[PDB]
Each structure stands twice: as structure tokens, then as C-alpha cells.
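>>> build me a model from this:
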Amino acid sequence: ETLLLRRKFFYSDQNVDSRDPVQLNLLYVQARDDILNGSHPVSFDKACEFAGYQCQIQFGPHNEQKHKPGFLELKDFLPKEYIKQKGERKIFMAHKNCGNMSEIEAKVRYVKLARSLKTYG
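Residues are numbered from 1 along each chain as shown. Find the structure here:
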């Protein structure tokens with residue numbers, strides 16, 4: 001009848017790059033641009049994260065009264081598809097999750113994240 005079998009359970013991001021922040025920054029930037037470009041229809045929630053993190057990685061979680069979800073440039077941060085929706089209150093939410101994560105630790109996940117949306121199949 002049939003003699004086949006499918007199975008694939010493994011996920012080990014790049015470590016030879018993770019270490020190097022340069023290659024991580026190059027990816028982080030591209031990842032962001034990719035979003036701004038509007039080529040990868042990432043989940044609103046996801047894209048939200050990136051933004052929230054961007055601000056974080058941008059300045060840092062070492063703020064609250066100054067760092068506002070408005071001051072941000074969702075227009076120069078999120079793609080039109082989002083601009084229209086104007087998901088601000090959403091951004092903040094992400095930050096809440098981030099909390100006070102390292103600027104690098106955030107950048108790392110960022111690349112991975114952007115590397116999570118684009119799946120192969």
C-alpha cells in the first residue's frame with residue numbers, strides 16, 4: 001500500500017552568528033526593512049512585537065514616563081498595511097512583555113522571529 005514516513009522536529013538557530021552582533025545587526029535591520037518593505041505578511045501581533053522591541057532596542061527598557069507608544073513613528077516603523085490600522089496601543093503591549101530584556105537579547109530574538117515567520121514548505 002505505502003512504505004513512507006514523514007518526520008521533522010528540530011530547531012537550532014544559528015549560533016555562529018548569534019554570537020556576532022554584527023551579523024545579527026545586519027539581519028535585524030534587514031528583518032525590519034523587510035517588514036517596512038511589505039513583502040512578508042507577518043502576523044499583526046508579530047509585527048507588533050518587532051516594533052515594541054525596536055523602540056526597546058532603540059533606546060532601552062530603561063524608561064517609561066518618557067518612552068511613550070505614541071512618540072514612536074509607527075508610520076516609519078510599521079508597514080502601510082499597519083499604518084492604516086494604526087496599531088499603537090498594541091505596540092506598548094509588546095513592550096510590557098519585553099519588560100527589561102537586554103538590547104542584544106532582544107535583537108537576537110528579533111532575527112529569529114523574522115526567521116520564524118518565513119517558513120519553508
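
>>> gap between the top helix by length along the chain and the chain center?
Criterion DSSP state H: the longest helix present in the chain is helix 21-37. The chain centroid and the centroid of helix 21-37 are separated by 9 Å under C-alpha atoms, centre = their mean, to the nearest Å.

>>> what's the next secondary structure element after that helix?
From helix 21-37 onward toward the C-terminus, using DSSP states H and E, the following helix or strand is helix 44-58.

>>> so what secondary structure elements neighbour that following helix?
In terms of contacts (3 or more C-beta pairs under 8 Å, 6 or more residues apart in numbering; DSSP states H and E), helix 44-58 is packed against helix 21-37, helix 80-85, helix 88-98, helix 103-117. Any C-beta I mention is one placed from the backbone N, CA and C, and that applies to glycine too.

>>> which positions within it qualify as buried?
46, 47, 48, 49, 50, 51, 52, 53, 54, 55, 56, 57 (16 or more other C-beta atoms under 10 Å).

>>> so which of these comes closest to residue 114?
residue 50 (7.4 Å; C-beta to C-beta).

>>> my guess is that closest one meets residue 33, correct?
No. Between residue 50 and residue 33 there is no contact under C-beta atoms under 8 Å: 11.1 Å.
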